[PDB]
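Heads up, what comes next is one protein chain in two forms, each shown on its own as structure tokens, labelled structure 1 and structure 2.
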Structure 1
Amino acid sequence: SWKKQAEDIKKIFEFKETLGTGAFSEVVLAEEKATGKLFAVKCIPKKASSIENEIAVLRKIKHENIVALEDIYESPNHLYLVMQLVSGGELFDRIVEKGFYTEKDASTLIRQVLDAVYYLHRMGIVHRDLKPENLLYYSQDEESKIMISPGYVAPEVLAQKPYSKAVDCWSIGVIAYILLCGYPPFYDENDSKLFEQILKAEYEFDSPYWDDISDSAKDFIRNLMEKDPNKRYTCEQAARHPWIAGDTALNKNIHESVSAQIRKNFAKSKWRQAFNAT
């Protein structure tokens, strides 16, 4: 509930192009006039507490693999979230264009996510919405770090039970699954059928897509995609797993099958459609 008097955000930042536009908000590229440094600024009309309490928590979050919230401004009519600019694109586009892709690349990505999420957990924060579409590269560099910016929901949430930090560990297992075959472990006929399958937590390592994948990777995922949240790995536990901390992650090229599956399964991007706008 603490504030200070600021100037007009238009006097502090030069608003350049719109990056994307949503149902209720808009994200603009903004240059800080004093420094020339660039930020992505989310502009939210107030006409759209709770959000005031939520956004204060985000301000506290400082981690190398999480997009930083650098400031929140307020006018009578709007909120402005000054966010760290990342310019490396979406995870799925990178993998598809990559040329070579292996278990070590997947494990390198999952290791950074576990670090980010384990930091949130220590800080007392459950993300609740972890999914590969909101994983963005920091920069266009080949070796760039990854940044955190219905089929993914944990069984205990479907089962109307109170959520915990375990919910996020489930989501990390689903992300690990997709990073190694390019499709989701649970997919609908009806949302009815999908719900019942997540509740039972019945999924496969299906042939042929999973035949080249190590037992170690599969073990890793079974410990995160565990139905019972009390049996499921924490982030700290998962980060000690040999697939992450050891040398069991294979270095075979699986790009061909993974890329084809992503093309089929992740052919629509909400970033792209926010850009396509109004």
Structure 2
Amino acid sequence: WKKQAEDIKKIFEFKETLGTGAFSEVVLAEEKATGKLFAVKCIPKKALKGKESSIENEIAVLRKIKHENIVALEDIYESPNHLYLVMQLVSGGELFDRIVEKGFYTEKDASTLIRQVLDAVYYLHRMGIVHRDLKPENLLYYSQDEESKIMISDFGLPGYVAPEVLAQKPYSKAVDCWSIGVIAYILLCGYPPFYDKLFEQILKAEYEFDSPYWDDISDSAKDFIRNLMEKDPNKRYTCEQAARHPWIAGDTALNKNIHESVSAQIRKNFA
């Protein structure tokens, strides 16, 4: 299944860096043979010393599985000193940019986005993957199209982080469900639920649906968010429980244009 390369540059022309990490870089690459674009995750094998085999076994599972709402793993190249995970390039644009650029945006739009994220995350959890890094930067549109799905653009083999992680307590898949709750909060008002003391507010899950920003938001949406942004990970909704909530599965999401306020808050609260 793994392709071998003496030099990855025989296969790909590398262009702009999309993301950097601990001994991992995602770069825009053109396949020389075809002209097709990809997002290539470049990993030094030295950084995988001890776990190489386990990570390869897990890559070997995921290369066979495409989720509608997750970046596809298209190929894996092995050079003498690197692994290259050739990922689907998700090119439709960024999450907050779309909302700001739209003239019209409703709770049903936010609910449609969260439903897709819950589907993707439920799948990762079944495969034994805790994402741990769910935030708007990892959510990109497939296409510039009106009807484009959203996709988790990247995953690994403070304001978005669960209280139990900040508490240095044991944590589980539930940390992702907290992050989806925080993203849902921002999608409905345009600002983060925690900011200052900040650490203490997250630790105590101290947030509010403050006026006027939350006045025209449904009680159902507020209840949905309360069930995900729940301090106790045992009490917190799973992805499965969230996907059954009427705001996702039913018809409680409102059809009021809340674009003006959400777009103003996104512009004011982010760089």
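For numbering, take structure 1's sequence and count from 1. We call the rigid core whatever largest set of C-alpha positions still superposes within 1.5 Å between the two forms.
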{"query": "Core-fitted Cα difference of 2 Å or more between structure 1 and structure 2, single residue among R240, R222, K231, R59", "finding": "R59"}
{"query": "Core superposition between structure 1 and structure 2, C-alpha change of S259 at least 2 Å", "finding": "no"}
{"query": "Large Cα shift (2 Å or above) at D141 between structure 1 and structure 2, core-fitted", "finding": "no"}
{"query": "Displaced residue check between structure 1 and structure 2: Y177, CA, 2 Å or over, core reference", "finding": "no"}
{"query": "C-alpha positional change at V113 between structure 1 and structure 2 - rigid core reference, Å", "finding": "0.2"}
{"query": "Cα displacement of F15 between structure 1 and structure 2, once the rigid core is superposed (Å)", "finding": "4.9"}
{"query": "Shift in Å of the C-alpha at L85 between structure 1 and structure 2 after core superposition", "finding": "1.4"}
